[PDB]
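Heads up: the structure comes next, in structure tokens.
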Amino acid sequence: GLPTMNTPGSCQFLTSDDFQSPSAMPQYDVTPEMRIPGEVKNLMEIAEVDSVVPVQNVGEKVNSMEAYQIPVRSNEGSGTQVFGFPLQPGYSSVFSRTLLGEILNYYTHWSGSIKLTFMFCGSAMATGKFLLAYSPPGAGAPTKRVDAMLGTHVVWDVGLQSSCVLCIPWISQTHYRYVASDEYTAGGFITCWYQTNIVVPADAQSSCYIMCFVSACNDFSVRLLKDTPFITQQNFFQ
Amino acid sequence: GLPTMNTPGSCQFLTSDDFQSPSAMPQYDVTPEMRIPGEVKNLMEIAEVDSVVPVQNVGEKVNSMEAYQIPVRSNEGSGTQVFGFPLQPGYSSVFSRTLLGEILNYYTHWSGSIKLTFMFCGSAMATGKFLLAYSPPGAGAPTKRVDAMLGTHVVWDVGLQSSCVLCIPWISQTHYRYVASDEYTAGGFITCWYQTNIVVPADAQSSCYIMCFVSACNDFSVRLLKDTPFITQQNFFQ
Amino acid sequence: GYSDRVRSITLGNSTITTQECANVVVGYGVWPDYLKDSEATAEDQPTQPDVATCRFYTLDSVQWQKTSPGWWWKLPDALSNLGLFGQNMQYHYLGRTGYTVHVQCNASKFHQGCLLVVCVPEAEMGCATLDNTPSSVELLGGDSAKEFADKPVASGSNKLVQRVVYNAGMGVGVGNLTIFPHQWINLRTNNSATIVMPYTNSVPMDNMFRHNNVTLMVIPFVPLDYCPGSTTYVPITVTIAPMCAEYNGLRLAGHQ
Amino acid sequence: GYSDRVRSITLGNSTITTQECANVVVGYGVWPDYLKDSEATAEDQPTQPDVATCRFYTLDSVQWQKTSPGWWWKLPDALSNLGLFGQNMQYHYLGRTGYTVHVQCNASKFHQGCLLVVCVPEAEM
Amino acid sequence: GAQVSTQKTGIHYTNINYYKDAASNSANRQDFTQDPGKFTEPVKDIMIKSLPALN
Amino acid sequence: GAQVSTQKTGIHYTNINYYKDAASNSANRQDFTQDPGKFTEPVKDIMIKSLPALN
Amino acid sequence: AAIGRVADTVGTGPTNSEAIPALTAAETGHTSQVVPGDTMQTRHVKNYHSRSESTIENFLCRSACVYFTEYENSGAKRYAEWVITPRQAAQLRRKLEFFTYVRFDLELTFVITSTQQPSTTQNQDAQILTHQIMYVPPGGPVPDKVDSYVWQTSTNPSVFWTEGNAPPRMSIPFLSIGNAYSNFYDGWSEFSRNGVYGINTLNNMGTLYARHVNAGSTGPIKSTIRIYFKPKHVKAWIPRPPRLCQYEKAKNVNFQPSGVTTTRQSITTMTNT
Amino acid sequence: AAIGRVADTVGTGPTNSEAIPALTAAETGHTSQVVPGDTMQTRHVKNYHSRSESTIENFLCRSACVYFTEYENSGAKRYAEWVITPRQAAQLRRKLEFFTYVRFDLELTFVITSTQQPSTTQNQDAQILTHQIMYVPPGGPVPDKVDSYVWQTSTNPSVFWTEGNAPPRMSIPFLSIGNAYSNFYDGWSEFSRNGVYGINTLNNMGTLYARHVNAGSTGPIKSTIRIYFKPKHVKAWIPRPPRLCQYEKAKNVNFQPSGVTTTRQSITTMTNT
Ligand SMILES: CCCCCCCCCCCCCCCC(=O)O
Ligand SMILES: CCCCCCCCCCCCCCCC(=O)O
């Protein structure tokens, strides 16, 4: 009988423990593996894949394809804001239900640059230039184009190349940010403006749509595994 | 006292556990072994041995040797079905109590080809040819000979070689099938037909019998050990 | 003199051409191929019709109207009645395939819209009435698209499909369908969409009637729109070609 | 221990056995085989279903009565509705085949008769 | 002196017997020997599959 | 025969499997492989970032 | 870098070429590979961040209560029974459903607790309770009463536990009949496309049965058994969109149409309203 | 292949020889060795299926409750006694009887549980129960009362257990007087072919005795002791047909004639009816 001495923790049951345990099926012959397309090794592999962002949460539209449409049309001026949402990949309703956001919501911390790809779905004859911008926190969200261009931005010119990317560089005072909301962990404001208004010819629709895709960059990571707020129940399903 | 820490499972009693335990008979001298004919190493050794199948469950016959008899006789036509049962080595009453079936019923999964050996017990003077066939699931059991021959089959011609084999190749979408019944795990239909009716001479019985033996092939295996439904009790026997 | 806009695909006695495609999406990086001997179970000699079965089958076209919510086709199924590919499905218990899915739809420099062509593997669908499961007739459209609904579908002890587009009839965000092999037909730059899909499933082979491992979906995120003068009937045609089709377990025909 | 009386033929998912056959007659000495590239004209990739089409199809039996004169079957035709072999005939303009024709008919040491099984190529009637 | 065997899979494990009687050892769950012949095929004259069983 | 791996940090640990079935082993928490390509970028013709996606 | 490290940020400077990292074409189905330096001058950053906690294994490897029932000392329900399934709980089910097909071993943990029922029995003096959980694979005899012969378990695997001791636990191999567990199945159980439809046509994981071994006291006692799953040695294929609509039924994907996300004022509102 | 792997499927093509794999003669007593490829064109299949779970050892190596009795705190039956036998339970007995002779060591496990009996005793305050199981080999003094000198066990082996702790357990060597345990014995105990007949003429495995060591409380308590057998290091010879008719008696093979199988409509019915 080898003199032993149990220590605190003994007999407990940690949900995240990691020990060996006897098989209930001694010598069971597992079914041989098989090459199945598209294996997944890390969730970040998924978070690097673009998914369509619902920038237009506005009212009832959340219950239609319109949620994914960004209104753009010919105006009698330029400088007009086209949209504007915060950099809260986890919290903001704009991202929260995205492929990226869904994943973030199973974690507590996030870090890395993010890509916002914008595809112009107007007509071949429609043209124009937009100013995609990212303003780090500290001041308020820019309210005029002339104040947004003072920050990190990309002047996108619509043409044969349908889409254009606004890479939101990870600028932050800490290594990681909270997936949940917190002002310490404030991420800044993402806004779009008209650089040079939409200009179509006759017989070509002057009102268009712009889609927005979001995905993580190669320097993106997530920490502290937690449960999603997005799924609930009252009783075991039957 | 070596610092230790018990983990979940500690003190339990798994029926299928595998640990060392003190002998209650310290240094007991076991009786020396002896060479006894026919040792058994794996149950599959048994499942590879033919046993007579009771194809004729029909009514009261289950209580007589008749259960193991397959009626064959001279007709005024050909194409007539002679029998037909499913490929459910575990469930179907035809197999369930066989040597193969008994074993299968102690497991949950099975896989492999099966051999159905058919011995013609007519008289030396009796002749004829039968069409042994196996139709994989997907359609229904063939209802006419012309529809069964469209599947895996063997045209057996009775002669000096009394028996003939219908090897039921393991065709299936999964590696294993359930021993119990389940339509996902459907195994198909095994049927027999008259290729060219029985033809005896005068003074020779025109009504005969055909026996059916079943056994596993060298690619047969069984998984997930369980209890048989075939044995029960109400109180400890006295 | 070379442009990735142009492309041509040949499979059997059929060829397809485009002068305004994007790239070509290849499954999960995997390219279709027959089943390896170390990955099979069905012991019988399979059948590889090849040219007779792996060709381009053009389905029924469909009209893209300013309000169309979208369409969908179960794949093993959408071809179950086309040529010898179908005849092989009927005659065999087991089948295995990949497909080159080509969705065509031209407009003009003056129209606008953006379709989302996607191959969703294992697209199990929900029911309008939470206590039942959609019926075969409600899910399968075989060579004729199935339409998605612009708004919810009411309950009431029926076996209907919860065709609400923004939910892809699976209870998920329609905008997250991109994790599946896809392309976007954006009339402005695009004109067709090509996707090669490798066989997917949790088993080497499966019965082609009882199971539909992939479901093709076309769903406009940006609705069609033009102007008085521009033509109004803009169709969308789908062509699919089986790849490395193998069949095992031959028996009598019939999809019973 | 070997007898030419016994024999067994396997083609696809089907096997046949006999314990009282004669020899096996092979065409005009020639054994079936696919079309060589130096002997073809059809330029398209042919289809070789193989196991799915080259299997044993058992036709409707027939009664041999003391007065039966005989029977006959046109070959490309006799199978035009059986399995995938037929489906391929319907779907294709061109086809090419050989066949293993097996005629069965058992009686008993007490019966008597003599049939003539023959494959007549180009039997215009 | 411990021993080291292979686990079941589609890696090894260490074992040290602690008792003076072999009876105390764990089960012999890995003896995969097989000899169907004793049962299927106990014929005195070898029967060659492809041949006729009688002549 | 034990094994010795590296712990997670910004040192090693010893492991000895005690059961005859691999199923009984602890989790494989250190497989850091990654292959985004299968998902992001499943295009047949390689797309060079700095280039135009269409021409 | 370090097996699981993340990409480092490559320092960049002013540009003015015809290189267009920022211009692409989402229609291809290809996700852009742009990085900060492509559209702005960056500094160099040696990034040590690891993606260790994002591995399929670390993501699905945490015990999760997937179900629980109760059985009593005496009365009507003296033994429990549960057709094994991971789809009655929503937590774990939503994670597993992040992928189409999955393969893994499973670490089973049971939390068994008892509570004295209110009654009018005088002088109750409970003895320590001993439970028995038993697994019956599809096709095996089922218990019809707490003292059925079936609890003999000559072959069925079963655990015997006694209150006070650590939770009973045991490992389970990948039990699929196929090459991977299927999370979704857009098919039927019948070749006529009738019978069952959906994931449940594949679920044939058998049934679990619990019961007491002793009654303990004269008074009535109710015991609850919580079943926890913990996937080990995970391999997952074909990721899919995460479940959006709440779960409705346990044997199918039926849902009640839901909006794409929560709303907010206008496409200009920086607030979640 | 891999020690326990299964045969791989050899790819085959068209045949037309006088080789007759399919024709044989069951009269020989020989089982055919045909394989798919012999009667149909097959593909090649590298089969990795193992027969690991079919070894005689894995088949008989699972604890099985073979019997159980009870003894009480006080009253008439204050101690239990059981003539050792594996034939009172049907589960394990049917498996062991799959073979004529058998040889193995045995892992013994005991599940001891207590239950408070209904009485009218005021203020009951039970102390922890301690039991004692004792084995008496054929020829040894037997206890006549819970406090007989026999429970001294100076030489008899016995375990002392206390409720709460893990089930007591111990290994037992192959105890036969012969070279293997006999499962069947078509003979008598007398040379005149009188006396006993059948398996029971060989069973002389002695008796097991259980009892409490302390009464615990003033109130009455009943304890149940479950005996489990687990064969280890198994060797079996001469397989036989599995038991068909239900068991009737524990000391012989007496049965009540049973049908060969369940029935069905006609030899054409693809249904179990
Ligand atoms: C006492 C032994 C208990 C054994 C516990 C066995 C539990 C089996 C778990 C199966 C796991 C998850 C599978 C979902 C099945 C499916 O839908 O295909
Ligand atoms: C406390 C010590 C307990 C010892 C338990 C001894 C039990 C002996 C088991 C004998 C095993 C099975 C034998 C059947 C005997 C026969 O019929 O020949």
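Letters A, B, ... mark the chains of the structure tokens in the order given; residue numbers begin at 1 per chain; ligand numbers begin at 1, in order shown.
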Close residues, residue 84 (chain C) itself excluded, 12 Å, only C-alpha atoms, min 6 positions apart in chain, as a short mmCIF file (atom, residue, chain, number, x, y, z; two decimals) with N, CA and C atoms, in the first residue's frame:
data_model
loop_
_atom_site.label_atom_id
_atom_site.label_comp_id
_atom_site.auth_asym_id
_atom_site.auth_seq_id
_atom_site.Cartn_x
_atom_site.Cartn_y
_atom_site.Cartn_z
N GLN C 48 -19.07 2.41 -64.05
CA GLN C 48 -18.67 3.78 -64.33
C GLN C 48 -19.07 4.05 -65.76
N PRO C 49 -20.30 4.56 -65.95
CA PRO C 49 -20.84 4.87 -67.28
C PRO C 49 -19.98 5.91 -67.96
N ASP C 50 -19.38 6.78 -67.15
CA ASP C 50 -18.52 7.83 -67.64
C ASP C 50 -19.22 8.88 -68.53
N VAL C 51 -18.89 8.89 -69.82
CA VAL C 51 -19.46 9.84 -70.79
C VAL C 51 -20.99 9.83 -70.87
N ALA C 52 -21.58 8.67 -70.63
CA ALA C 52 -23.02 8.51 -70.69
C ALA C 52 -23.73 9.13 -69.49
N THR C 53 -23.04 9.18 -68.36
CA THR C 53 -23.64 9.71 -67.15
C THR C 53 -23.05 11.04 -66.69
N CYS C 54 -21.79 11.28 -67.02
CA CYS C 54 -21.12 12.50 -66.58
C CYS C 54 -21.06 13.51 -67.71
N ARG C 55 -22.22 14.09 -67.98
CA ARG C 55 -22.39 15.08 -69.03
C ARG C 55 -23.21 16.25 -68.50
N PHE C 56 -23.39 17.27 -69.33
CA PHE C 56 -24.16 18.43 -68.91
C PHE C 56 -25.66 18.32 -69.18
N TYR C 57 -26.42 18.27 -68.09
CA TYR C 57 -27.87 18.18 -68.13
C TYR C 57 -28.43 19.58 -67.82
N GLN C 90 -32.13 4.62 -60.69
CA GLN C 90 -33.26 3.71 -60.53
C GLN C 90 -32.84 2.25 -60.41
N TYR C 91 -31.86 1.85 -61.22
CA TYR C 91 -31.38 0.47 -61.22
C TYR C 91 -30.38 0.05 -60.14
N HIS C 92 -29.80 1.02 -59.43
CA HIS C 92 -28.81 0.72 -58.40
C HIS C 92 -29.14 1.20 -57.00
N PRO C 242 -22.78 15.49 -63.73
CA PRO C 242 -22.23 14.55 -62.74
C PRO C 242 -20.74 14.30 -63.05
N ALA C 245 -19.22 9.40 -61.65
CA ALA C 245 -20.37 8.71 -61.11
C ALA C 245 -20.14 7.21 -61.08
N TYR C 247 -21.84 3.39 -59.52
CA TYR C 247 -23.05 2.77 -59.02
C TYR C 247 -22.79 1.33 -58.61
N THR D 47 -19.28 4.37 -73.97
CA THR D 47 -19.63 4.09 -72.58
C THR D 47 -19.53 2.59 -72.40
N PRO D 49 -20.56 0.27 -69.51
CA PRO D 49 -21.23 0.06 -68.22
C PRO D 49 -20.60 -1.11 -67.49
N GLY D 83 -33.17 -4.62 -67.51
CA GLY D 83 -32.22 -3.75 -66.84
C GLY D 83 -31.57 -2.61 -67.60
N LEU D 84 -30.37 -2.25 -67.15
CA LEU D 84 -29.62 -1.16 -67.76
C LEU D 84 -29.12 -1.47 -69.16
N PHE D 85 -29.10 -2.75 -69.53
CA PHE D 85 -28.65 -3.09 -70.88
C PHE D 85 -29.65 -2.48 -71.84
N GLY D 86 -30.93 -2.54 -71.45
CA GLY D 86 -31.99 -2.00 -72.27
C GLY D 86 -31.98 -0.49 -72.23
N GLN D 87 -31.81 0.05 -71.03
CA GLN D 87 -31.78 1.49 -70.87
C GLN D 87 -30.69 2.11 -71.74
N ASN D 88 -29.59 1.38 -71.93
CA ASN D 88 -28.51 1.91 -72.74
C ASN D 88 -28.85 1.85 -74.21
N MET D 89 -29.63 0.86 -74.61
CA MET D 89 -30.06 0.73 -75.99
C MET D 89 -30.97 1.90 -76.35
N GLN D 90 -31.90 2.20 -75.46
CA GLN D 90 -32.85 3.29 -75.67
C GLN D 90 -32.19 4.65 -75.76
N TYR D 91 -31.20 4.89 -74.90
CA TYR D 91 -30.49 6.16 -74.86
C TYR D 91 -29.37 6.40 -75.87
N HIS D 92 -28.93 5.34 -76.56
CA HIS D 92 -27.85 5.46 -77.53
C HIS D 92 -28.17 5.04 -78.94
#
Would you tabulate, counting only C-alpha atoms, all residues of chain F that have an atom at most 10 Å from an atom of chain E, showing the closest pair of atoms and their distance in Å to one decimal, sorted by chain then ascending number, as a Markdown table?
| residue | atom | partner | partner_atom | distance |
| --- | --- | --- | --- | --- |
| F:1 | CA | E:14 | CA | 6.4 |
| F:2 | CA | E:14 | CA | 7.8 |
| F:16 | CA | E:14 | CA | 6.8 |
| F:17 | CA | E:13 | CA | 4.8 |
| F:18 | CA | E:13 | CA | 5.5 |
| F:19 | CA | E:13 | CA | 6.2 |
| F:20 | CA | E:7 | CA | 4.6 |
| F:21 | CA | E:7 | CA | 4.9 |
| F:22 | CA | E:7 | CA | 5.7 |
| F:23 | CA | E:9 | CA | 8.1 |
| F:24 | CA | E:7 | CA | 9.6 |
| F:25 | CA | E:11 | CA | 9.7 |
Can you tell me which residues surround residue 142 (chain C) at a distance of at most 6 Å, considering only C-alpha atoms, apart from same-chain residues fewer than 2 positions away, and format the answer as a ChimeraX atom specification? /C:77-78,140,144
At a cut-off of 7 Å around ligand 1, and using only C-alpha atoms and all ligand atoms, what residues come up? Please write them as a CSV table (one decimal) with N, CA, C and O atoms, in the first residue's frame.
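Saved result, out_9.csv, follows:
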chain,number,residue,atom,x,y,z
A,24,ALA,N,-16.1,2.0,-21.9
A,24,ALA,CA,-17.2,1.1,-21.5
A,24,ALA,C,-17.3,0.0,-22.6
A,24,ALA,O,-18.0,-1.0,-22.4
G,84,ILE,N,-31.0,7.9,-26.0
G,84,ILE,CA,-29.8,8.7,-26.1
G,84,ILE,C,-29.9,9.7,-27.3
G,84,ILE,O,-30.1,9.3,-28.4
G,85,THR,N,-29.6,10.9,-27.0
G,85,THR,CA,-29.5,12.0,-28.0
G,85,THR,C,-28.9,13.3,-27.4
G,85,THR,O,-29.1,13.6,-26.2
G,86,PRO,N,-28.2,14.0,-28.3
G,86,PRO,CA,-27.5,15.3,-27.9
G,86,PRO,C,-28.4,16.5,-28.3
G,86,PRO,O,-28.0,17.6,-28.1
G,108,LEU,N,-18.2,10.4,-21.0
G,108,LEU,CA,-19.4,10.4,-20.2
G,108,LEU,C,-19.3,10.7,-18.8
G,108,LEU,O,-18.4,10.0,-18.1
G,133,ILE,N,-26.8,2.6,-13.6
G,133,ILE,CA,-27.1,3.1,-14.9
G,133,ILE,C,-26.8,2.0,-15.8
G,133,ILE,O,-25.8,1.3,-15.6
G,134,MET,N,-27.6,1.8,-16.9
G,134,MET,CA,-27.4,0.7,-17.8
G,134,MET,C,-27.7,1.1,-19.2
G,134,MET,O,-28.7,1.8,-19.4
G,135,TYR,N,-26.8,0.7,-20.1
G,135,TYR,CA,-27.0,1.0,-21.5
G,135,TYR,C,-27.5,-0.1,-22.3
G,135,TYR,O,-27.0,-1.3,-22.2
G,157,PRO,N,-23.3,-2.9,-20.9
G,157,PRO,CA,-22.4,-2.3,-19.9
G,157,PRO,C,-23.2,-1.4,-19.0
G,157,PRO,O,-24.2,-0.8,-19.4
G,158,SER,N,-22.8,-1.4,-17.7
G,158,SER,CA,-23.5,-0.6,-16.7
G,158,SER,C,-22.6,-0.2,-15.6
G,158,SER,O,-21.7,-0.9,-15.2
G,159,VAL,N,-22.9,1.0,-15.0
G,159,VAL,CA,-22.1,1.4,-13.8
G,159,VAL,C,-22.9,1.4,-12.6
G,159,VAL,O,-24.1,1.5,-12.6
G,172,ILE,N,-16.3,6.5,-24.2
G,172,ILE,CA,-17.1,5.8,-25.2
G,172,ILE,C,-16.4,6.1,-26.6
G,172,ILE,O,-16.2,7.2,-27.0
G,175,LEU,N,-18.9,5.5,-31.9
G,175,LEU,CA,-19.9,4.4,-32.2
G,175,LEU,C,-20.6,4.4,-33.5
G,175,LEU,O,-21.5,3.6,-33.7
G,176,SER,N,-20.4,5.4,-34.4
G,176,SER,CA,-21.1,5.4,-35.7
G,176,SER,C,-21.0,4.1,-36.5
G,176,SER,O,-20.0,3.4,-36.5
G,181,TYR,N,-20.2,10.7,-37.5
G,181,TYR,CA,-21.6,11.0,-37.0
G,181,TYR,C,-22.1,12.1,-38.0
G,181,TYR,O,-21.3,12.9,-38.5
G,182,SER,N,-23.4,12.0,-38.3
G,182,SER,CA,-24.0,13.0,-39.2
G,182,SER,C,-24.8,13.9,-38.3
G,182,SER,O,-25.5,13.5,-37.4
G,183,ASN,N,-24.7,15.2,-38.5
G,183,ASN,CA,-25.4,16.2,-37.7
G,183,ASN,C,-26.7,16.6,-38.4
G,183,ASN,O,-27.7,17.0,-37.8
G,199,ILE,N,-32.4,14.3,-39.5
G,199,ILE,CA,-31.4,13.7,-38.6
G,199,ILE,C,-31.9,12.5,-37.8
G,199,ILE,O,-31.1,11.5,-37.7
G,200,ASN,N,-33.1,12.5,-37.3
G,200,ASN,CA,-33.6,11.3,-36.5
G,200,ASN,C,-33.6,10.0,-37.3
G,200,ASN,O,-33.8,8.9,-36.6
G,202,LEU,N,-31.2,8.6,-38.6
G,202,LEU,CA,-29.8,8.1,-38.3
G,202,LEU,C,-29.6,7.8,-36.9
G,202,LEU,O,-28.7,7.0,-36.6
G,203,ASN,N,-30.3,8.4,-36.0
G,203,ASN,CA,-30.1,8.2,-34.6
G,203,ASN,C,-30.6,6.9,-34.1
G,203,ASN,O,-31.8,6.6,-34.1
G,204,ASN,N,-29.7,6.0,-33.8
G,204,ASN,CA,-30.1,4.6,-33.3
G,204,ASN,C,-29.0,4.3,-32.3
G,204,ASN,O,-28.4,3.3,-32.3
G,205,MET,N,-28.8,5.2,-31.3
G,205,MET,CA,-27.8,5.1,-30.3
G,205,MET,C,-28.3,4.3,-29.1
G,205,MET,O,-27.6,4.3,-28.0
G,208,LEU,N,-30.7,4.5,-22.4
G,208,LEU,CA,-30.0,4.5,-21.1
G,208,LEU,C,-31.1,4.2,-20.1
G,208,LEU,O,-32.2,4.8,-20.2
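Of the residues in region 16-106 of chain A, those given strand (DSSP E or B) by DSSP on the backbone are residues 23, 39, 40, 42, 51, 52, 70, 71, 72, 73, 81, 82, 83, 84, 85 and 86 of chain A.
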Go ahead and write the selection's residues with N, CA and C atoms as a compact mmCIF listing (two decimals), in the first residue's frame.
# COMPACT_ATOMS: atom_id res chain seq x y z
N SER A 23 -12.81 2.76 -20.89
CA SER A 23 -13.75 2.64 -21.99
C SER A 23 -14.84 1.69 -21.52
N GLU A 39 -12.27 19.49 -44.19
CA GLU A 39 -12.15 19.27 -42.75
C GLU A 39 -11.86 20.62 -42.08
N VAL A 40 -12.19 20.73 -40.80
CA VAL A 40 -11.96 21.97 -40.07
C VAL A 40 -11.05 21.65 -38.90
N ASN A 42 -9.45 24.56 -36.90
CA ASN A 42 -9.59 25.67 -35.96
C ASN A 42 -10.76 26.56 -36.40
N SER A 51 -18.77 36.69 -44.99
CA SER A 51 -20.19 36.39 -44.84
C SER A 51 -20.87 37.74 -45.01
N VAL A 52 -22.07 37.77 -45.58
CA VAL A 52 -22.76 39.04 -45.81
C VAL A 52 -23.28 39.71 -44.54
N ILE A 70 -27.32 47.92 -48.94
CA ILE A 70 -26.88 49.26 -48.56
C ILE A 70 -27.32 50.21 -49.66
N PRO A 71 -28.30 51.07 -49.36
CA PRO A 71 -28.84 52.04 -50.32
C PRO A 71 -27.86 53.10 -50.78
N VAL A 72 -27.76 53.20 -52.09
CA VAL A 72 -26.90 54.17 -52.71
C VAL A 72 -27.70 54.66 -53.91
N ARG A 73 -27.65 55.95 -54.17
CA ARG A 73 -28.39 56.51 -55.29
C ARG A 73 -27.79 57.84 -55.66
N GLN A 81 -23.51 60.79 -45.81
CA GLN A 81 -23.10 59.54 -45.16
C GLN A 81 -23.90 58.44 -45.88
N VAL A 82 -23.37 57.22 -45.94
CA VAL A 82 -24.07 56.11 -46.61
C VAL A 82 -24.42 55.07 -45.56
N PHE A 83 -23.61 55.05 -44.50
CA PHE A 83 -23.84 54.16 -43.38
C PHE A 83 -22.81 54.43 -42.30
N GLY A 84 -22.96 53.77 -41.16
CA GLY A 84 -22.03 53.96 -40.07
C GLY A 84 -22.40 53.05 -38.92
N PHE A 85 -21.47 52.16 -38.54
CA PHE A 85 -21.68 51.25 -37.43
C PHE A 85 -20.36 51.18 -36.69
N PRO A 86 -20.39 50.76 -35.42
CA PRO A 86 -19.18 50.65 -34.60
C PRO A 86 -18.34 49.41 -34.87
Within 6 Å of chain G, which residues of chain A are there when counting only C-alpha atoms? Please give them as a ChimeraX atom specification. /A:11,15-16,21-24,31,33,38-43,49-50,56-58,62-63,83-86,93,161-165,167,169,218-219,221,236-238
Fewer than 5 positions away in the same chain doesn't count, so skip those; otherwise give me all residues within 8 Å of residue 47 (chain C), counting only C-alpha atoms, as an mmCIF file with C-alpha atoms, in the first residue's frame.
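Below is the file that was written, part-v3.cif:
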data_model
loop_
_atom_site.group_PDB
_atom_site.id
_atom_site.type_symbol
_atom_site.label_atom_id
_atom_site.label_comp_id
_atom_site.auth_asym_id
_atom_site.auth_seq_id
_atom_site.Cartn_x
_atom_site.Cartn_y
_atom_site.Cartn_z
ATOM 1 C CA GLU C 246 -20.203 5.158 -59.742
ATOM 2 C CA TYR C 247 -23.051 2.770 -59.017
ATOM 3 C CA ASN C 248 -23.187 -0.445 -56.994
ATOM 4 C CA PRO D 49 -21.225 0.063 -68.222
ATOM 5 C CA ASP D 50 -19.468 -3.254 -67.740
ATOM 6 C CA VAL D 51 -20.922 -5.054 -64.660
ATOM 7 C CA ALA D 52 -24.192 -3.133 -64.961
#
Would you please give, as a PyMOL selection string, all residues of region 132-192 of chain A that DSSP assigns to helix (DSSP H, G or I) based on the backbone? chain A and resi 145-148
What does the file look like for those residues with C-alpha atoms, as a PDB file, in the first residue's frame?
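Saved as out.pdb:
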ATOM      1  CA  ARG A 145     -17.028  63.464 -44.694  1.00  0.00           C
ATOM      2  CA  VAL A 146     -14.361  66.103 -44.096  1.00  0.00           C
ATOM      3  CA  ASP A 147     -13.920  64.719 -40.584  1.00  0.00           C
ATOM      4  CA  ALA A 148     -13.912  61.027 -41.488  1.00  0.00           C
TER       5      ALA A 148
END
Residues at most 12 Å from region 220-226 of chain G, counting only C-alpha atoms, excluding those fewer than 5 positions away in the same chain, as a VMD selection string? (chain G and resid 63 to 82 89 108 to 122 124 to 133 161 163 167 to 169 208 to 212 214 to 215) or (chain H and resid 116)
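For chain H, the residues close to chain D, meaning within 7 Å and counting only C-alpha atoms, are residues 14, 15, 16, 17, 18, 19, 20, 39, 40 and 41 of chain H.
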Taking only C-alpha atoms into account, find every residue of chain C that has an atom no more than 10 Å from chain H, and write it out as an MDAnalysis selection string. chainID C and resid 36:46
Selection: 9 Å around residue 197 (chain H), only C-alpha atoms, excl. self and same-chain fewer than 2 positions, as an MDAnalysis selection string: chainID H and resid 185:190 193:195 199:201 252
Can you measure CA of residue 254 (chain C) to CA of residue 111 (chain B) for me? One decimal in Å is fine. 26.6 Å
What residues in chain B have any atom no more than 8 Å from chain C when counting only C-alpha atoms, and can you write them as an MDAnalysis selection string? chainID B and resid 135:140 142 147:148 150:152 169:175
Using only C-alpha atoms, please write the residues we just selected to a file, as a short mmCIF file (atom, residue, chain, number, x, y, z; two decimals), in the first residue's frame.
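This is the output file part.cif:
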data_model
loop_
_atom_site.label_atom_id
_atom_site.label_comp_id
_atom_site.auth_asym_id
_atom_site.auth_seq_id
_atom_site.Cartn_x
_atom_site.Cartn_y
_atom_site.Cartn_z
CA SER B 135 -31.66 -8.22 -54.60
CA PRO B 136 -30.18 -5.28 -52.70
CA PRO B 137 -32.77 -2.93 -51.15
CA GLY B 138 -34.06 0.18 -52.91
CA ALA B 139 -36.90 -1.35 -54.88
CA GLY B 140 -39.22 -4.01 -53.56
CA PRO B 142 -38.78 -9.16 -56.75
CA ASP B 147 -37.30 -9.33 -62.01
CA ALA B 148 -35.11 -11.28 -59.60
CA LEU B 150 -31.92 -8.59 -62.69
CA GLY B 151 -30.00 -8.83 -59.43
CA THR B 152 -27.07 -10.72 -57.97
CA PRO B 169 -21.97 -10.19 -51.13
CA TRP B 170 -21.90 -7.50 -48.53
CA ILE B 171 -23.34 -4.59 -50.45
CA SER B 172 -24.32 -1.71 -48.15
CA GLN B 173 -23.96 2.02 -47.79
CA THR B 174 -22.39 1.76 -44.36
CA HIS B 175 -19.49 -0.35 -43.11
#
